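Single-structure report; data block below.
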Amino acid sequence: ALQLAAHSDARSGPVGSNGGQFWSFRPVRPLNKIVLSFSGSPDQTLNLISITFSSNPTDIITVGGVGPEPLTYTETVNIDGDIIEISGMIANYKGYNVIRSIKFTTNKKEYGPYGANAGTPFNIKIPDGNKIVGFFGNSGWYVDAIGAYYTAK
Amino acid sequence: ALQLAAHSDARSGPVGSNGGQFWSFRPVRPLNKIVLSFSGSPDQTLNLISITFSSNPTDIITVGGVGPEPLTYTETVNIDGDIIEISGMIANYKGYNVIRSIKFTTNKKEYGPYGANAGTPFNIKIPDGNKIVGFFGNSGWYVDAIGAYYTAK
Amino acid sequence: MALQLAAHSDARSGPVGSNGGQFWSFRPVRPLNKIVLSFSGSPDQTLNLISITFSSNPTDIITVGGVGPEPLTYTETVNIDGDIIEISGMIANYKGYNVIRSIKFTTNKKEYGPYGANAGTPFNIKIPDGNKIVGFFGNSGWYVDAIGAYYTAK
Amino acid sequence: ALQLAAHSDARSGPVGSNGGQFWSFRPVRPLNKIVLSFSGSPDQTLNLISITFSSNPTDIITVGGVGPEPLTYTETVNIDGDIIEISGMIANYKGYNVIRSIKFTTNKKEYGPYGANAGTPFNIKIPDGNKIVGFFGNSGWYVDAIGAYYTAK
């Protein structure tokens, strides 16, 4: 049978730092929901612990949060349209450089920033006419690194 | 700590044919369940239409199965230990070369092959001492191509 | 502290073929303009693809396959004009291994090949419309076991 | 007709910043010669503009240096061993964040850092028992980002 070469989407990143596990999530249908969980609080500071990406109840991934630290705040966001860019801050949290804040931008609106403001900035940008269709990265107790899969609209 | 570059696991594959969408699923925790959905019937010929990979608990992906055709049979595979090899057959279906049967092999037990085991064979093997920790590929109405992410135990 | 502006990696198509001892990858900054195919055996009979040499002016070059003792007896020099859009060929058994045996390169206008032993299992590397192939990767040892391409929009 | 899945090596990185062109160089034999091309002068400021990686014999690639700025100094690094880590500094040059200095480290020797050793540090390390067998990144007039391919020794 003819081996008709199968394709893999281009990538941007990862940014952030090395973690114990590589992770990757590129669903067939567009991402429409993101759930972010933190420890701490606004009064002090929100420590990003995990992020959950979903396309529906049958397509979900959770990165970070494998540690014992109790979560104190979670927020569920509905993503309208295609993500086109993300940015955020990276900084040390209990001995590890991790993603500390994140902001998503689609062709419809902005979401965030969610997390702590301080540290080194990062941002994922793609060429004109493209959309982000998945994410990948490294994680452990926290979200250490993140990058995106993108393709032409 | 140090600003260490993040890593991406090695890949094996993909095998099969190009498809409309690229898909990827590499969860932090070990893949422990796989649900294969087909059309047709066991006493006749099973037609793989979609596959669902999951990791305990809230990590799941469903690839293929975007078309109309109703599901008439499903095979639930509960994985024990680390998958180290997968194999199966590729053959034409309603005008498309797609994965038609698949088998998963761990360190001590085998699961399958499930589906219509006839056509062009394939198998994903990895270096010894490694384990498969995720899968990626192409899909549309069906599962067009498949490959694996692996890393050392 | 410097902004971490995520760097990109081109999309891929493939690889097709079979697993091999070494992974190889060659994606030069400039266009891929010359490809040299090296074979063993006499061409008035049957040529066995042993290695491929990809290059890009002025001096970017890579040679994959050909690590073994088989001598090269014939070479084919393909001077690519334009952007490569697709490649194809055949995979067959050679001395116990499933390897790339023939290969054809296709740009927008003309096409080069196929060269080698055009017999066995066909493969085809096609990219989306408006894109071009800008590099190759694969597995190889004594022979060229597998190959794939990197592509990006024109 | 057996489709025995072909593999692709694990990756570390890339680090730095997005660039106009993606580049990749992973030769069959190990790397043994690296040429760093700079602008300016050793006594003043050394500006890394391009890098030439080489694996004897004939396997060579040059990334960065596509710009008009003339080279005025080069550092030839002959490595006789397996590279296990690289590191360096990133900092601005003509309005762009680029790789400014770089150091290569094998199982038993260090080479560098060569270039303007100032700015934001980067470290690409790999799991123990592995070796870097290739490099990839983005570049234009300069070397914007770099990452490595690695595999078990």
Side-chain angles (χ1 to χ4, degrees), chain A residues 3-5 7 10, chain C residues 10-17 24-39 43 47 49-66 72 74-91 99-118 122-140 143-154, chain D residues 20-28 52-53 58-63 65-66 136 139:
Chain A
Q3 297 193 32
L4 180 79
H7 72 282
Chain C
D10 301 327
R12 303 182 297 262
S13 171
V16 293
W24 56 268
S25 171
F26 184 66
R27 197 302 203 183
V29 172
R30 288 159 177 109
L32 225 36
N33 56 279
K34 192 210 299 304
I35 305 180
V36 177
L37 311 173
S38 303
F39 314 80
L47 286 186
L49 211 214
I50 299 305
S51 75
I52 305 315
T53 294
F54 296 103
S55 62
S56 175
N57 300 314
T59 60
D60 297 341
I61 309 161
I62 195 179
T63 296
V64 296
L72 272 26
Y74 181 73
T75 70
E76 175 68 45
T77 300
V78 187
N79 293 289
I80 266 67
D81 182 29
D83 295 315
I84 302 180
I85 251 69
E86 152 191 3
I87 66 166
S88 60
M90 303 280 236
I91 293 153
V99 309
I100 300 298
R101 297 276 289 175
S102 62
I103 189 161
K104 183 183 167 185
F105 302 97
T106 296
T107 65
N108 264 62
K109 30 268 188 57
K110 51 188 301 203
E111 50 188 7
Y112 314 84
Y115 311 102
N118 196 67
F123 65 90
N124 224 116
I125 293 173
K126 284 175 177 273
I127 66 185
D129 179 53
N131 288 268
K132 48 170 182 177
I133 285 171
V134 280
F136 291 95
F137 69 88
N139 284 7
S140 65
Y143 322 117
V144 186
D145 311 306
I147 188 170
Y150 291 110
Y151 65 95
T152 187
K154 298 184 146 189
Chain D
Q21 295 285 321
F22 166 71
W23 57 269
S24 173
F25 181 76
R26 195 306 202 183
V28 160
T52 289
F53 294 102
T58 81
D59 295 272
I60 177 187
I61 195 170
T62 292
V63 297
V66 172
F136 70 84
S139 62

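All chains are named by letter (A, B, ...) in the order of the sequence lines, taking the proteins before the strands, and each is independently numbered beginning at 1.
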Between atom OG of C/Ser51 and atom CD1 of C/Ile100, what is the distance when rounded to the nearest 0.5 Å? 13.0 Å
Considering only heavy atoms from C-beta outward, does the side chain of C/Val29 approach that of D/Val66 to under 4.5 Å? yes
Closest non-hydrogen contact found for C/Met90 with C/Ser102 is N-OG, 3.0 Å
Positive for side chain to side chain contact (heavy atoms under 4.5 Å, CB included) with C/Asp10, one of C/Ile133, C/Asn131, C/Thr152: C/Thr152
dist C/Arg101:CZ -> C/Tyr143:OH (nearest 0.5 Å) comes out at 10.0 Å
Would a 4.5 Å heavy-atom cut-off, applied to side chains only, mark C/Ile84 and C/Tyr151 as touching? no
Just wondering, more than 12 heavy atoms not from C/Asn79 lying within 6.0 Å of its CG? yes
Any side-chain heavy atom of C/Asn108 sitting closer than 4.5 Å to one from C/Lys154? yes
Looking at every non-hydrogen atom in both residues, tell me the closest pair between C/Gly14 and A/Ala5 and how far apart they are. N-CB, 3.9 Å
Under the side chain to side chain contact (heavy atoms under 4.5 Å, CB included) rule, what do C/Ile80 and C/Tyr112 come out as? Steps first, then yes or no, please. CA-CA 8 Å; C/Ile80 266 67; C/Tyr112 314 84; 4.3 Å; yes
When rounded to the nearest 0.5 angstrom, what distance separates CD1 in C/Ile103 from CG in C/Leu37? 7.0 Å
Nearest atoms (heavy-atom pairs only) where C/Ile62 meets D/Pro27: CD1-CA, 4.2 Å
Between C/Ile125 and C/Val16, is there a side-chain heavy-atom distance shorter than 4.5 Å? yes
Is there a donor-acceptor pair closer than 3.5 Å between any side-chain N or O of C/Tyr115 and the backbone N or O of C/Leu49? no
Which heavy atom of C/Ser38 sits nearest to which heavy atom of C/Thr75, and what is that distance? OG-CG2, 3.7 Å
Got a donor-acceptor contact below 3.5 angstrom from the C/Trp24 side chain to the C/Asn139 backbone? yes
For the pair C/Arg12 and C/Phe137, evaluate side chain to side chain contact (heavy atoms under 4.5 Å, CB included) and give the outcome as yes or no after the intermediate values. CA-CA 9 Å; C/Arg12 303 182 297 262; C/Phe137 69 88; 3.9 Å; yes
Heavy-atom neighbours of C/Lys132 NZ exceed 12 at 6.0 Å: yes
D/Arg26 side chain near C/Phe26 side chain, heavy-atom distance below 4.5 Å: no
Could you walk me through whether C/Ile35 and C/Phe105 pass the side chain to side chain contact (heavy atoms under 4.5 Å, CB included) test, one step at a time? CA-CA 10 Å; C/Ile35 305 180; C/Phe105 302 97; 3.4 Å; yes
Is it the case that the side chains of C/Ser25 and C/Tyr150 hold a donor-acceptor pair, with the cut-off being a distance below 3.5 Å and no angle test? yes
Just so I know, are the side chains of C/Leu32 and C/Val134 near enough to count as touching, which here means a heavy-atom distance under 4.5 Å? no
Under 3.5 Å, sequence neighbours excluded: what are the donor-acceptor pairs made by side chains of residues 52-60 of chain C?
from: C/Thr53; atom 1: OG1; to: C/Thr63; atom 2: OG1; distance (Å): 3.1
from: C/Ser55; atom 1: OG; to: C/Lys34; atom 2: O; distance (Å): 3.2
from: C/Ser56; atom 1: OG; to: C/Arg30; atom 2: O; distance (Å): 3.2
from: C/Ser56; atom 1: OG; to: C/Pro31; atom 2: O; distance (Å): 2.8
from: C/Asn57; atom 1: ND2; to: C/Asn33; atom 2: OD1; distance (Å): 3.4
from: C/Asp60; atom 1: OD1; to: D/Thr62; atom 2: N; distance (Å): 3.0

Go through the steps for C/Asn124 and A/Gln3 under the test side chain to side chain donor-acceptor pair (under 3.5 Å), then give the verdict. CA-CA 6 Å; C/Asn124 224 116; A/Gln3 297 193 32; over 6 Å; no
Is C/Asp83 close to C/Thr107 at the side-chain level, that is, under 4.5 Å between some pair of heavy atoms? no
Do C/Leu72 and C/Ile50 have side chains that approach each other closer than 4.5 Å (heavy atoms only, starting at C-beta)? yes
